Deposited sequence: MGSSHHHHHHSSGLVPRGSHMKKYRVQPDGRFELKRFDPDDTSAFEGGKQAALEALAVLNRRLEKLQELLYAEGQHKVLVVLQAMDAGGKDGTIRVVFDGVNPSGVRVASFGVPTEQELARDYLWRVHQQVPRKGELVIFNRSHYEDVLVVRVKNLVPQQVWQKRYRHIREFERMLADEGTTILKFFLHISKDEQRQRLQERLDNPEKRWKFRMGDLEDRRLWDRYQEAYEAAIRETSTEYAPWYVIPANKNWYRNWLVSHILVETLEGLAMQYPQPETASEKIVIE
């Protein structure tokens, strides 16, 4: 499953990853759901170790094109995981208070504490994504941010954070269908804003911004994983597999008279 980890060699090409690829799983939807159920139970048990051990900090970063599966991933991968140990931090349009400090200030506040698993639904990456695509700052400014990010993540990792960054990779046609389904669904119509169409006109610019971001910031201490995400069953299984394998590697353990 190591074929999805982006090596720190600055030679990453997004074209080498197909959103419709399901090659790491030897079967289809039904076999994958059973396999996911097994991983989800292991994940619940690994989160229990993390929380009780209270040493490690786990950071899961989710990034994708609009309708790329960020909410779906959280919902399904973390299903049944103790709410006391799992937290979501969503990053939207910066406020005036947030813009008055460096772009990393609002992000650094939300980092996981010891024994905690945090999911960034969007992140500090938006500052080299939407900011780059829509030229919210000049190139001279945002080009320097790749180093800021590598060094911020190095500090986090050195200080005890396990970082997993998932790029949920969907195709242009898959986004068109998901966006259309969001229009033609009254319980999902709320997720759709008009702005989702302008970001859609900028598809290629966003793909280029993603490629450069992933190429510049995938490191040994903070890897990027490209998740083919056109098939939700595959996306959910693969994210769970990578997460569970990473947590297993930490080799966490539980810590070390008659009541009247």
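- Annotation: deposited residues 1-20, 277-283 are not represented by C-alpha coordinates in the model.
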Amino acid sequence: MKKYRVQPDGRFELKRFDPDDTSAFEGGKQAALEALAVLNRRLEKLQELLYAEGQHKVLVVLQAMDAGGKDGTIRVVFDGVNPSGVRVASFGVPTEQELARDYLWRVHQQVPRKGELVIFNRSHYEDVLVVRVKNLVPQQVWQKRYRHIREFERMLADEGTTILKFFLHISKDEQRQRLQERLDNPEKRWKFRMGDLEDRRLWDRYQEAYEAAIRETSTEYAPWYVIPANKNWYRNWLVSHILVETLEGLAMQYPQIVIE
From here on, numbers count along this sequence of modelled residues.
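Superpose the two forms; the largest set of C-alphas matching within 1.5 Å is the rigid core.
- Stretch comparison, 147-155 versus 181-189: after rigid core superposition, larger RMS CA deviation in 4 other deposited structures of this protein is found for 181-189.
- Superposing each structure in 4 other deposited structures of this protein on the rigid core shows that the farther-lying of 61-69 and 192-200, by root-mean-square Cα distance, is 192-200.
- Two stretches are in play, 172-180 and 114-122, and the higher mean C-alpha B-factor belongs to 172-180.
- When the C-alpha B-factors of 7-15 and 239-247 are averaged, 7-15 comes out higher.
- For the set 160, 92, 72, 186, the maximum C-alpha B-factor listed in the entry falls on 186.
- Placement of the Cα temperature factor of residue 212 within the chain: lowest third of the modelled residues, per the deposited record.
- In this PDB entry, the Cα temperature factor of residue 108 sits in the bottom third of its chain's modelled residues, the lowest group.
- In the deposited entry, the Cα temperature factor of residue 134 sits in the top third of values across the chain's modelled residues.
- For residue 152, the recorded CA temperature factor ranks within the lowest third of the chain's modelled residues.
- Ranked by Cα temperature factor within the chain, residue 47 sits in the middle third according to the deposited record.
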